[PDB]
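Data block below; observations after.
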Amino acid sequence: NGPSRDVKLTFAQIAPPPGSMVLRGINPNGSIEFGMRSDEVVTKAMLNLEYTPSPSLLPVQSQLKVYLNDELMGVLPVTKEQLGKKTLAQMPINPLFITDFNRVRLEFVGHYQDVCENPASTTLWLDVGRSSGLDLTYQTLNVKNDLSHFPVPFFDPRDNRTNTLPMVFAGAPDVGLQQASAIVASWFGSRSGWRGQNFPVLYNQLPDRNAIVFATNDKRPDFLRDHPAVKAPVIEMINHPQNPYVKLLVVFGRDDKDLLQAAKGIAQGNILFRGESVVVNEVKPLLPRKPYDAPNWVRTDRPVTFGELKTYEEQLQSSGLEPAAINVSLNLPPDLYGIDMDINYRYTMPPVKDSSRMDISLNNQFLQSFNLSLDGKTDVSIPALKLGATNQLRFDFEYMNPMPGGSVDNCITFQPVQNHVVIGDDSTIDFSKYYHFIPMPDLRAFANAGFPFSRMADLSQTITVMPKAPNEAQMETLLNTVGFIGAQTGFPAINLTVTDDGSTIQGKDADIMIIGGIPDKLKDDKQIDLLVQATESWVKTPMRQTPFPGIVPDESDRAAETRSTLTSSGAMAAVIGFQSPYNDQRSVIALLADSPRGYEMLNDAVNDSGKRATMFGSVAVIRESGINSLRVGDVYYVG
Amino acid sequence: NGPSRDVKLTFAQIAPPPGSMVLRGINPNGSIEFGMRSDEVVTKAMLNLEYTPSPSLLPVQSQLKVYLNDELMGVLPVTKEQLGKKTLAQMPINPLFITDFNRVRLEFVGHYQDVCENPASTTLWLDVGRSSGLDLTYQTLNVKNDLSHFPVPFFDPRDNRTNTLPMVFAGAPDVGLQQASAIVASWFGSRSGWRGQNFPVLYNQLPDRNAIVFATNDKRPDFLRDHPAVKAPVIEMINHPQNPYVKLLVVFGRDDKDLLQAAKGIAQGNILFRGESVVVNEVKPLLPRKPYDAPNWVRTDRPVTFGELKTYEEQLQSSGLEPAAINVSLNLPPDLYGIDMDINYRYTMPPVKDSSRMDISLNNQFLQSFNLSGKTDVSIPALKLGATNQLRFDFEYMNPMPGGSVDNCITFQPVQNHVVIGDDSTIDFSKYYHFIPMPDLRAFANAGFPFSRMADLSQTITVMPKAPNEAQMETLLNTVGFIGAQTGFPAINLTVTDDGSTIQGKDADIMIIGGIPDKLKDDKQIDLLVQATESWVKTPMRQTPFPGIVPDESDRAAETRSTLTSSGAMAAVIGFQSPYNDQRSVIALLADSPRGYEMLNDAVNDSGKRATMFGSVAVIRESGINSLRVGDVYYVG
């Protein structure tokens, strides 16, 4: 029937890093997780395991149980011919139990000795190699062209891949149509938060996959020549003419003033979709946005609770023979510039007085410890440990269990009772004792949060200087830029102001984002440290670039030492930040690219969250090698 | 398929000294690191182990597991016939898990008895002998001629070997080409800091490996005679004409003024390298360098924090039952003349008060101690802060798990400890002056001091011979090579001359690679000369193996002068005072015979042999290097 695809999920990318799970006696549970699109269905599932049993295991009393959503699929005993040898097992997974979200948990029942056995012994282990994994074949369904569940054919929250969503136009879209696209692109990036975005743009084509079609009565694409011209901006869902499984979202209006109204109904609030086609009429303007009010950012205006920082409910509690580390990810403004926590926790009482303790770590670095000596409460002061756009607060509850005691003639073993620890809610963390001050130009803040343009979530104080006639590469790097910017804040850029020429930005109190080339009125301002012409290029390398700079900027190290000008026929992109000459507090970020291949490297380095995190300083050269970034130029402060 | 090569990485050289790791119950892990170049791939890998388990281990419950990049490669149970006897194991490492940087880790699972087993006991041990090793087989790849990753085919940071990089010339270079090559040589040294440098010079001859070719429209090697003449400095990565797996970097120009421009393009603007050819255009300088501004030396103007002394993010913290020592490297100007430390450290506080403490060391010498029962303000004595130094924070714990009594005994699983020498902990060197008693070859060998005072060698004049042969050009590139490795900055403004009559009235340190200009040969500060076969040296009045701080000018006075005439080989590095400026120095790297240059370049390359130079002269023979603190003393600063 439909088109099916075979995927090979390996334990390297779907299991906790590094991928190899060492099943032990204290933590006998390993688990991988995968989700199924509601427009797909699995037909064959097979779990290829590669485990190495401990040479000390009792053979047929030690097993490796494999569950799927707490439903035992099969058990693999440890036959005596496997002890210490890399065993290659393969268990079939029944697709009838594969729901929209699935958990494959491996339990390891391990025994090394009948009598006087220490269950927490380091001799009980079973190392599942990272080469293990699932091979799944998904089959595409034919969902009816309904909008009640609107984004799920185009962005499925179950699919954890990078949400590729091509946007096809009739031609080079004018400024009115660039605002509508960037608003929808910023919204689809708002939803597909941590998994990445990719908006390949097409002009008068069809992308063979679920896409968006921006069309108007005057300029409409090829296949929409026979569509009736609408009165009000309409949102309708059709299917690819040559593929009854590829759906298309057609944003159709009378002119770009309507597509901007439809794109605001999609992004701002909801249209309350019901049916195949829906006309958008109610604009319902939105109350202005206060700075640093992005939904994905921790509230600095007040002490914020831990119940507000946790995504799901089971995050602030763990249990087992060795309780897992409670994790609380808090995403902060890069403008932030100590912390006062009030943590009330509860835990099972350890055996004796001073054995166990609770270690707090922020960003994988020790902060403080507390003996567990039951409820607890503590006030903690965190130093400013280079707090970035995303931090990780971790609580451990490291217990000390007794080894088998007594004596040789009579050994009393302690059947290990499991410990429940819970970082109790009502626990607050306070950031109100922090000032908003940042030394710009900083690309580690643009890469990680899009800071100059994300301090106002809706990108209201932001101007985008597009090229005059945008090709399918300049329009792509725009939807990708406001794509990830929308993902860091978690709010669409409804109030974005796109322009087309350099004059319209003069004397404005807004941050500028230059997507194409660079306007000649901004081009020769000496705060620029790199320019990418057709083939000729020049860069100012700093005086002294240290691997780790420290909090203080040290303006003396950031001074431009030389100016080199090389001319190569290779490909290069760039992301440079400097100060706007029209305001001493506004910043400007330029996304340069010389050749058609240059944009391909630029858009890639923007989509990939891993490749983007390698950006810092004021200049980030993007070549085939990777990203080489520089801290050079005058460090103007903002805030 | 490209050429293959075999390697034998014994534990003696790749594991921490002394080479043999004694795995225990408290410290059960032991790691060895090896890297893989980008132009190579590992085809075969094997781990030959020679270990000795403790006679008291339980046979199968005690194991030795081998990880590669945290992927279990195998487990070796300690069979009964191995307890206390040296065994020989062999584990085939899977070459599919080998990446640019690899960590092979040996984890020791130890068990000597069932009940009341003290896991911190000193009977749980497994000595892994230092004759163990990895035997790898690398396979060279045909990489694309992409200048984007410029040094990678010529210098690969994943290769911890000496960066041997031939330099092909068309013949005896002119002083413009000698200076142009010395900038590329010093830049490649800037990149391969501790690995070592070596620039074998070739005159109109193919190099057999990745090399740099300097050619001009007029002077060019034979294999470039068909190359069309260029109109601007061109840098292109071409293939060896008879070896597709050997990449040549051809720096081509119209004359030595162009090669001198491309050399500064490589050294400064190498971040704009693209494609298979780059045309350098107008490298423009905007700022000169302050003295002691070398990027490898610590900032002596401001109090530098520990975040700026890091080399990787996780360097200033440790974890484990016996947490490893936290090291911090301090590269200082070699002429400093105590230190105010402010330390912020966090640690898992021991359960009840005990004798657990943190030991601060410096150059493996105890400095202070602090009981873990925070923040501290330490004051460090002088203790002869040399060129490179090594702070260390030990965090020695005492772990008193309860025992009970002999009838009802109990032991507990020992928890691990976390220690963090947090950054924001500063160390101030502004409480110092720049004063040094010279001549001092221990400052030249360890920091290239007189010339490395200005990182870009602005105030430095190299006096080379007229038409230097391949062995004297190799000494210039090797000398400016390690000097650039010390500072971490290329010798951009080095000026090379072939006439000794252009230094009269010059405020710059002088470096003499060939013979010695007669305007200086008759000085009274010269304590040693090596002529064709006759050599004389002045010996001091008293030289004890530990001088102290003061120079002891009455001990350093030349007592005699002996003149010998042998037919053997000898090199010499002599330093003295510039006869034109009382604050400038002169270093003369002298050699008489073709074999003398081989020993000279060998002593300049090997940082082990360079660390054994001191005093005012260093006589290099087949024995080694014998230094002498002899002659007058002038103070610089």
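Protein chains in written order, with full-length UniProt numbering: chain V, 67 to 403, 409 to 444, 463 to 728; chain H, 67 to 403, 409 to 444, 465 to 728.
All residues carry an ideal CB built from backbone N, CA and C; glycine is no exception.
Check: Whole runs of the beta strand (DSSP E) within the segment 290 to 315 of chain V, excluding any shorter than 3 residues; Outcome: 300 to 306
Check: Candidates V/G409, V/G335, V/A81, of which the one nearest V/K522 by Cα; Outcome: V/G409
Check: C-alpha distance - V/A623 paired with V/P530, whole-angstrom precision; Outcome: 25 Å
Check: Distance cut-off 7 Å: V/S247 Cβ against heavy atoms of the ligand MN; Outcome: The ligand MN is not part of this structure, which contains no ligands at all.
Check: Interface flag, V/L438 vs chain H, CB-CB below 8 Å; Outcome: yes
Check: Proximity test, Cβ basis, 8 Å: V/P493 and chain H; Outcome: yes
Check: Bridge partner(s) assigned by DSSP for H/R71; Outcome: H/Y204
Check: Reference H/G386; option with closest CA among H/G319, H/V721, H/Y418, H/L290; Outcome: H/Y418
Check: Any 3 or more C-beta pairs closer than 8 Å across the segment 110 to 124 of chain V and the segment 152 to 160 of chain V; Outcome: yes
Check: Closer than 7 Å at the beta carbon, the chain H residues around V/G606; Outcome: By Cβ distance, chain H contributes nothing, its closest Cβ being about 18 Å from V/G606, past 7 Å.
Check: Cβ-based contacts, 8 Å cut-off: residues of the segment 499 to 530 of chain H near chain V; Outcome: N499, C500, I501, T502, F503, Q504, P505, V506, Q507, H509, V510, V511, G513, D514, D515
Check: Interface partners of H/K376 on chain V, CB under 8 Å; Outcome: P636, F637
Check: Boundaries of the alpha helix (DSSP H) in which V/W260 is found, first to last residue; Outcome: Run containing V/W260: none; DSSP gives neither H nor E here.
Check: Cβ neighbours of V/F254 in the same chain (closer than 6 Å, five flanking residues each side left out); Outcome: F221, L231
Check: Residue interval of the alpha helix (DSSP H) (run including H/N696); Outcome: 685 to 696
Check: C-alpha distance - H/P636 paired with H/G140, whole-angstrom precision; Outcome: 51 Å
Check: Contacts around V/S684, its chain only, beta-carbon distance under 7 Å, and the 5 residues preceding and following it disregarded; Outcome: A660
Check: H/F667 - containing beta strand (DSSP E), residue span; Outcome: 662 to 668
Check: Coil, strand or helix - V/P528 by DSSP; Outcome: strand
Check: Length-filtered (3 minimum) beta strand (DSSP E) runs lying within the segment 526 to 611 of chain V; Outcome: 551 to 554, 586 to 588, 600 to 603
Check: Alpha-carbon spacing of V/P505 relative to V/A186, whole angstroms; Outcome: 8 Å
Check: Cβ-based burial, V/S214 [other Cβ within 10 Å; buried from 16]; Outcome: exposed
Check: Chain V contact residues for H/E106, given Cβ-Cβ distances below 9 Å; Outcome: Simply none; closest approach about 18 Å.
Check: Residue closest to V/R652, alpha-carbon to alpha-carbon, out of H/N168, H/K330, H/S252; Outcome: H/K330
Check: Interface flag, V/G150 vs chain H, CB-CB below 8 Å; Outcome: yes
Check: Member of H/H293, H/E302, H/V312, H/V300 whose CA lies at the smallest distance from the CA of H/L272; Outcome: H/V312
Check: Beta-carbon proximity list for H/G242, same chain, < 8 Å, skipping 5 on both sides; Outcome: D321, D322, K323, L325, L326
Check: Buried/exposed call for H/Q550, threshold 16 Cβ in 10 Å; Outcome: buried
Check: Below-8 Å beta-carbon distance, H/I337 vs any chain V residue; Outcome: yes
Check: Coil, strand or helix - V/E183 by DSSP; Outcome: coil
Check: Any 3 or more C-beta pairs closer than 8 Å across the segment 493 to 512 of chain H and the segment 694 to 703 of chain H; Outcome: no
Check: Sequence-distant residues of its chain with Cβ nearer than 6 Å to V/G150 (five each side left out); Outcome: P121
Check: Any 3 or more C-beta pairs closer than 8 Å across the segment 543 to 558 of chain V and the segment 375 to 391 of chain V; Outcome: no
Check: Whole-angstrom distance between V/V370 and V/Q334, CA atom to CA atom; Outcome: 26 Å
Check: CB contact flag (H/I80, H/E99, <8 Å); Outcome: yes
Check: 8 Å Cβ cutoff met for H/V317 and H/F265; Outcome: no
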